[PDB]
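Before any comments, here is the structure.
What follows draws every value from the coordinates through simple rules; no lab data is involved. Quick reminder, even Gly has a Cβ in these numbers, built from the backbone with ideal geometry, and neighbours come from all protein chains shown.
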Ligand SMILES: [Cu+2]
């Protein structure tokens with residue numbers, strides 16, 4: 001049985017996060033959050049050309065608690081800093097997987113090298129929820145180099161698939177996760193198609209960044225659109241009408257309440273109140 005297309009959703013207008021991240025919120029837990037779990041949020045940054053500058057564009061220090069954030073860089077360079085003492089530069093093809101867990105402070109800025117030169121900036125920021133038992137896990141950070149992400153050639157010269165998290169055709173992705181999920185970066189060649197088998201009951205979304213995609217033979221998704229699938233079923237087909245770049249997100253639902261406010265995502269309102277009080281009290 002196919003994972004039926006539930007709907008196609010166009011990106012909203014762009015908004016700024018800080019002065020470094022012009023993003024479109026392609027989905028968020030406030031709408032269809034149960035049908036997207038474990039994924040809470042996806043902000044698509046760019047694509048935008050930045051001017052050479054002496055300024056350090058980015059987003060200043062702020063807290064998170066209760067979930068993980070994933071940065072997938074396509075163009076440009078970001079420098080990461082967080083309160084566990086982790087740092088580093090994420091460039092094209094690199095990924096960072098940050099666990100906020102019990103609580104973290106972080107900031108993200110254009111790298112000095114990217115500041116000096118300018119050019120295209122394109123990135124996806126993904127929030128991944130944690131199961132309740134793991135929400136106060138210790139904060140941590142995975143820097144994932146492009147070279148560590150398997151690139152799998154699709155059959156029939158159809159393109160390639162980068163396994164960031166999860167497993168495709170026996171290729172395991174380097175990102176460690178708290179619940180079972182896939183994050184696949186797919187380049188599908190115009191006129192080519194591919195069939196995917198996904199676990200039964202997993203929530204699944206396709207995020208089209210570039211190109212035009214025919215899904216299940218009957219739904220068309222274009223640049224900066226989200227295809228939300230029905231979790232029931234196991235089979236999905238995609239066909240590229242033009243060379244397409246997409247993210248496939250799929251995961252076992254976390255069947256626990258979502259209570260989110262600002263930078264915090266917990267299971268209850270009292271836990272949100274505790275996060276605000278801890279942050280205000282200097283505990284982060
Ligand atoms: Cu943040």
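Take residue 23 and decide whether it is within 15 Å of the ligand (Cβ to nearest atom), touching a residue at least 12 places away in the same chain (Cβ under 8 Å) and in a strand (DSSP E or B). Yes, satisfied. Pick out the one residue from 205, 277, 270 that is surrounded by 17 or more Cβ atoms within 10 Å (Cβ to Cβ) and either touching a helix residue (DSSP H, G or I) at 6+ places or on another chain (Cβ under 7 Å) or within 28 Å of residue 83 (Cα to Cα) (or both). The unique qualifying residue is 205.
Within the range 177-215, the set of residues being in contact (Cβ under 8 Å) with a residue 60 or more places away in the chain and more than 27 Å from residue 46 (Cα to Cα) comprises 178, 179, 180, 198.
For the range 92-105, which positions are away from the ligand (no atom under 12 Å from the Cβ) and in a strand (DSSP E or B)? Once the filter is applied, which keeps residues that are away from the ligand (no atom under 12 Å from the Cβ) and in a strand (DSSP E or B), the range 92-105 yields 95, 97, 99.
Yes or no, residue by residue, for (1) farther than 27 Å from residue 185 by Cα; (2) assigned to a helix (DSSP H, G or I); (3) within 13 Å of the ligand (Cβ to nearest atom):
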| residue | (1), (2), (3) |
| --- | --- |
| 107 | no, no, yes |
| 116 | yes, yes, no |
| 121 | no, no, no |
| 125 | no, no, yes |
| 133 | yes, yes, no |
| 136 | yes, no, no |
| 142 | no, no, no |
| 147 | no, yes, no |
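Among the residues of the range 36-48, is there at least one that is surrounded by fewer than 20 Cβ atoms within 10 Å (Cβ to Cβ), closer than 21 Å to residue 209 by Cα and more than 13 Å from the ligand (Cβ to nearest atom)? Yes; the residues of the range 36-48 include at least one that is surrounded by fewer than 20 Cβ atoms within 10 Å (Cβ to Cβ), closer than 21 Å to residue 209 by Cα and more than 13 Å from the ligand (Cβ to nearest atom). Which of the residues spanning the range 211-233 are in contact with a helix residue (DSSP H, G or I) (Cβ under 8 Å, 6 or more places away or on another chain) and in a loop (DSSP other than H, G, I, E, B)? Matches in the range 211-233: 231 only.
Selection of the range 26-48 for residues being within 19 Å of residue 233 (Cα to Cα) and part of a loop (DSSP other than H, G, I, E, B) yields 32, 37, 38.
Among the residues of the range 244-266, count how many are touching a strand residue (DSSP E or B) at 6+ places or on another chain (Cβ under 6 Å) and either in contact (Cβ under 8 Å) with a residue 60 or more places away in the chain or buried (at least 22 other Cβ atoms within 10 Å of the Cβ) (or both). Here the count works out to 14.
When the range 49-86 is limited to residues that are part of a strand (DSSP E or B) and more than 30 Å from residue 282 (Cα to Cα), the one that is farthest from the ligand (Cβ to nearest atom) turns out to be 49.
Every condition in (1) within 15 Å of the chain's Cα centre (by Cα); (2) more than 15 Å from the ligand (Cβ to nearest atom); (3) in a strand (DSSP E or B) is met by residue 89 except one, and the failing one is (1). Might you let me know whether the range 222-232 holds any residue that is touching a residue at least 60 places away in the same chain (Cβ under 8 Å), surrounded by fewer than 16 Cβ atoms within 10 Å (Cβ to Cβ) and in contact with a strand residue (DSSP E or B) (Cβ under 6 Å, 6 or more places away or on another chain)? Yes, the range 222-232 contains a residue that is touching a residue at least 60 places away in the same chain (Cβ under 8 Å), surrounded by fewer than 16 Cβ atoms within 10 Å (Cβ to Cβ) and in contact with a strand residue (DSSP E or B) (Cβ under 6 Å, 6 or more places away or on another chain).
Does at least one position in the range 62-70 carry a residue that is under 15 Å from residue 123 (Cα atoms) and crowded, with 17+ Cβ neighbours inside 10 Å? Within the range 62-70, one or more residues are under 15 Å from residue 123 (Cα atoms) and crowded, with 17+ Cβ neighbours inside 10 Å.
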